[PDB]
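Colleague: The structure under discussion is supplied below as structure tokens; questions concerning it will follow.
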Protein chains: 2
Amino acid sequence: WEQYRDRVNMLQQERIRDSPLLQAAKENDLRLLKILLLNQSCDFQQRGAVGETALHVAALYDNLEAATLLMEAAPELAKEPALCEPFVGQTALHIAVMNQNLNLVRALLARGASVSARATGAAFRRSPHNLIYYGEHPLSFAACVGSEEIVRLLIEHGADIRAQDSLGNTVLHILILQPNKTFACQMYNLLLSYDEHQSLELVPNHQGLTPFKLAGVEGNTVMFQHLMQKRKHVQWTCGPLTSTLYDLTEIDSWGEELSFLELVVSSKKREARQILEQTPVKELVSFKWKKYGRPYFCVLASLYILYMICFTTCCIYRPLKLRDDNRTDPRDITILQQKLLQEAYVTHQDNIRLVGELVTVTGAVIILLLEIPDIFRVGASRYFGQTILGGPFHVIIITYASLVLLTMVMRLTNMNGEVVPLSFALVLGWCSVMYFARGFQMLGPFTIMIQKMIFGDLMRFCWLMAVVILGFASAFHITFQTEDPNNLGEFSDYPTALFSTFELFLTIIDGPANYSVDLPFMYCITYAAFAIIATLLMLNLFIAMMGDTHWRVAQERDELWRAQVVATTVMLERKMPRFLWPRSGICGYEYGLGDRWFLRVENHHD
Amino acid sequence: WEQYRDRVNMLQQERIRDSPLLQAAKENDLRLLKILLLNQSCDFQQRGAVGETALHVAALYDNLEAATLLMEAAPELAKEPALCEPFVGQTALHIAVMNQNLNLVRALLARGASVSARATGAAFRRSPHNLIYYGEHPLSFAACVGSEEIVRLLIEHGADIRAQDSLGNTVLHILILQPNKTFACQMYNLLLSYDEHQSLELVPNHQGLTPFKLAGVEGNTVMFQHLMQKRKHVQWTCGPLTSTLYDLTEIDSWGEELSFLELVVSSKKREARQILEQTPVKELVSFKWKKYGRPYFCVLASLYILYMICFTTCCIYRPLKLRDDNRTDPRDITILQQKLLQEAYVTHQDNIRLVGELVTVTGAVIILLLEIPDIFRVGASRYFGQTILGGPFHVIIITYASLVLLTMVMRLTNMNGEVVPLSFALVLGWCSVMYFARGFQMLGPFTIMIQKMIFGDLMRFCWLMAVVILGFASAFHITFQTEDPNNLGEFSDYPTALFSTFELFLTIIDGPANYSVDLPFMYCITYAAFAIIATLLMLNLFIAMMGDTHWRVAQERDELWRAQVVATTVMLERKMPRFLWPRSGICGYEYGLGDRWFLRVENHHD
């Protein structure tokens, strides 16, 4: 992209330098402008590399005199935009409003330039290539640069408020998408003042988001607290304490297929979860979590724990018979094998294991029925990537259910090797019990912190560890390759030496030392080297690195846990039936407020 | 609670909106007030949902003109309060004084509203549900809002000083219970100036607390140093150093059944221990600890240590005989059994063990005689919950004494299994030696720090640990369920596999590796997974988590240790006899100061 944009800018400057009218409109050299604009033979419709006119060049460098003599020479240049690929619909109005000068915009609207021109180029799209996103209209441009007089001039010269760009964003959507939020709050106030002449606060874009929902997703909290000034009503104020009444129509979103809180918690932005700490939202999600979220989550946690005890008990009592084949061979310790299906269920305890395994299989089926439409409904990268929603826990529960169904397939068809999917299934299901740790303050941030160092320091330590494992595994294997394996069998072969020095990295098993024989002298030297640079240096520096990372990431995980119980509450509200979750808030139709639901907040000041 | 309070507020606003007189008194629409108050047919005694009148609505929204025309129409509305459940006795005076306007309070006292009205509703009680606690009287309301002219106006219109609410709190009690302490000290000075016309600084509430004792329990130190301005006398000032004389009548509390320092150290508030760092109290408790508390605590510590040596020596030399039953069975290593009671005491060394066990039993009896009335005197949740008083040490002392008495029961009646209560008794008694570590600066904060890590990170690590223990215990048990237990017996059965992977989590015993046999290939994979995510990840992140928590909690344990020796001193002063602890301070009757005891403090300034 960047080479193409650089070539576009250098070609634009080259055709500015080549054309003398464009070059003099750039430098505001007035006498040569009077000579060339006096000449009839000079073509005034000549274009640059992107197709910009001389009026575009005069508006680009804030040359008011050059521009006003160009429209005295040719007013029709106020109508023509650029016509190439990066600036598909950029007029002189866009550059004049962006450059923020009143006289050029006044003269351009005096000559009759079209206000509803859409700058549909690739440089005006909401792209991470582009530095800014100001929209496609001069109305959105005047809102984004923050000029009050230019946007009032555009309103009195036209500029219909309900104008949407290629993404369907209105002017309030783009104003929410800007930085410097307090400087855009008065712009939102002025455009809401001009909106009164259906409402534009309730119309969506092509993504389906209202400006309230876009303020929730983008996470700009100053704009959210400005938008809830119109959705609240102070009931009374007594002494230091007031009671006010927030509206839950735009926040709870009962009848909508996509709710506000779901779009806040399933958002890619870092600052979206701060919307959950705002004064109409935090008490609502705390009420929802304390009344219905926490007991239903504890019931589901205890049910999954009892299901894990059932699955573990069925794995312990698995059908095994004696080995029919004669061993007649050293190093072999297996004495039992898997029973066939015709002999697996012959007794009463086998029938108890049968109904327990049926409970296990039916449980894995209802897990897949709960989780597969959640995979298909929202984006799968967002479903497995957000730690607020519980992505790694989701993929290990999918893997556990797939391994249980693979076990059911290999139990129906008698093939050996069932112990390996029972092993990953037991490990993954019990590690997936930890999804329910987010409902507790004692267990929640610790579980977030251990997943953040699953994806953090442990991967770089496994790379820089397996480097040392390969090198010292090769050295330990070759220094005992000429020796007897019956006297020191830690490094007899190369996978054994690899696993052995993996255990000796972590100081799990002892260093191999047979004091009744003479070990090679090279083994002591390379083991002194391995003991210094790996067990003493690298392991304890891994401890120091997670100790350094803990206090840096502690604020993030503490502010992400209280964003995690909100996503748990939103999941539990839509997955569970409607009769177990009554509608939150206060019914206004009981008190004559007109079929709207409200949240009453009593707070203390002074 | 909160749904009921929200329903009360919405019903109150609904009956405000339904009644036109209440609605116009809310909005201060004066012309419709003149029309309706001109009409004789309009009922002026009509009430809201909580029973408030129109004068209450006019005082709620600071409508002075609406209120004064309502009492020109009906002065008798100044007398009626609300009469429902949340506002049982709220008058218009309470709302007018809370709203802080002089003219409405002046006009309400002109119409004859009763000053001694008690607002005995549930919204005025000292509850965690209520945001404020301002009392029940307009005198206490005027003191709590901090308006001087309103409370002087109430004094000239009545407002007796010795008025107590439903908790027995006077106006000085509620003023101590407020925040913004320096703003309430001037109100305390004003009410103490009006108190001179028995004293209210000496009267208790229903809990039995003076305002001095309530300032100690609540822990507000600015009010404490303001209250000790009247209880101190500067003797002289020479150069940069002054000698002053504090009064120890309200602080030491010799004749009282409940002392001041005991109520400070056995307080649920976090800020109570800062009262122990104040300038009359800190030198007093330092003199009490240095002169009497530390030698008596060291004598008690040495006596308890010698009693542990006696109990340990009696546990080592316990009567054991040879096993009469023939073994005839592998895996059995027991060769000795418990002697019967008729053969336990036949020799001289058995008599030495007998008198040592009598010392042990008599010691456990006198421990129970010291400790059981301490549980029965103060609250048992406060006795076992405060780490300043030593709650966990108290409950393991009760458990140790109960296990010694259970041992005495099983020694008198010859039943096998005495080694298990000797095991918990030895562990709990030696861990209850650590109660005496609080008397030393080197050992005290470390013992508080290990106590807060018992009740902090170890419980969450045990939950997130036992999850991994259950999963990898199940996996390790099933991957060796088909193998010979004689070659690798770490995971032969499921409690053995559970204990084995518990030791493998903490890297205590080595990883099970028999190099003379071929282990299953799945064991190496799941042991590599267990070695990465548990021994490398979770254990060292537990180290990092207590390393992060240590510098956060270090200030708390350092300021809680010097609150712990004060509670030790208060316990040692009342448990021990009176002749070993003489009365602290300086006897004024020797110097003619009139049967009061004083503490002289010489300090340096400039």
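Letters A, B, ... go to the chains of the structure tokens in the order shown; residues in each chain start at 1; ligands are counted from 1 in the same order.
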Just list as a PyMOL selection string whatever in segment 242-360 of chain B DSSP marks as strand (DSSP E).
Modeller: chain B and resi 242-247+320-322+336-338
Colleague: For the selection you just gave me, I'd like the residues written to a file as a tab-separated table (two decimals), in the first residue's frame, keeping C-alpha atoms.
Modeller:
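The resulting file, result_32.tsv, is reproduced below:
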```tsv
chain	number	residue	atom	x	y	z
B	242	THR	CA	7.36	21.24	76.48
B	243	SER	CA	6.02	19.05	79.26
B	244	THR	CA	2.27	18.41	79.23
B	245	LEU	CA	-0.01	16.26	81.37
B	246	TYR	CA	-2.66	14.06	79.74
B	247	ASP	CA	-5.54	12.61	81.75
B	320	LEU	CA	4.21	-49.44	72.76
B	321	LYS	CA	4.54	-53.23	72.86
B	322	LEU	CA	5.37	-55.86	70.26
B	336	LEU	CA	4.43	-52.46	67.38
B	337	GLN	CA	1.05	-51.66	68.88
B	338	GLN	CA	-0.38	-49.69	71.77
```
Colleague: Could you write out as a VMD selection string the residues of chain B within 6 Å of chain A, counting only C-alpha atoms?
Modeller: chain B and resid 14 98 to 99 460 471 to 472 475 482 to 484 507 510 to 511 515 517 to 518 540 544
Colleague: Write out as a PyMOL selection string the residues lying within 12 Å of residue 272 of chain B, counting only C-alpha atoms and excluding same-chain residues fewer than 6 positions away.
Modeller: chain B and resi 213-221+224+260-266+278+388+559-560+563
Colleague: Within 12 Å of residue 8 of chain B, counting only C-alpha atoms, which residues show up once you throw out same-chain ones fewer than 2 positions away? Write them as JSON, numbers by chain, please.
Modeller: {"A": [586, 591, 600], "B": [1, 2, 3, 4, 5, 6, 10, 11, 12, 13, 14, 15, 48, 49, 50, 51, 84, 85, 86, 87, 123]}
Colleague: Within 8 Å of residue 534 of chain B, counting only C-alpha atoms, which residues show up once you throw out same-chain ones fewer than 4 positions away? Write them as a list in words, please.
Modeller: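 Listed by chain and then number, they are residues 468, 505, 530, 538 and 539 of chain B.
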Colleague: Restricted to N, CA, C and O atoms, what would the selected residues look like written as a tab-separated table (two decimals), in the first residue's frame?
Modeller:
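So selection-v7.tsv came out as:
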```tsv
chain	number	residue	atom	x	y	z
B	468	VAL	N	-5.74	-29.23	39.00
B	468	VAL	CA	-4.67	-29.88	38.23
B	468	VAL	C	-4.34	-31.24	38.83
B	468	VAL	O	-4.02	-32.20	38.10
B	505	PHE	N	3.46	-32.11	41.90
B	505	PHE	CA	3.18	-30.69	41.70
B	505	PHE	C	4.23	-29.82	42.38
B	505	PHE	O	4.69	-28.82	41.81
B	530	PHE	N	2.34	-31.84	32.31
B	530	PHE	CA	2.27	-31.56	33.74
B	530	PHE	C	3.51	-30.82	34.24
B	530	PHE	O	3.44	-30.01	35.16
B	538	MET	N	2.73	-22.78	37.24
B	538	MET	CA	1.81	-22.39	38.30
B	538	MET	C	2.53	-22.17	39.63
B	538	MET	O	2.16	-21.26	40.39
B	539	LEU	N	3.55	-22.98	39.92
B	539	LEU	CA	4.28	-22.86	41.18
B	539	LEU	C	5.10	-21.57	41.22
B	539	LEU	O	5.09	-20.84	42.22
```
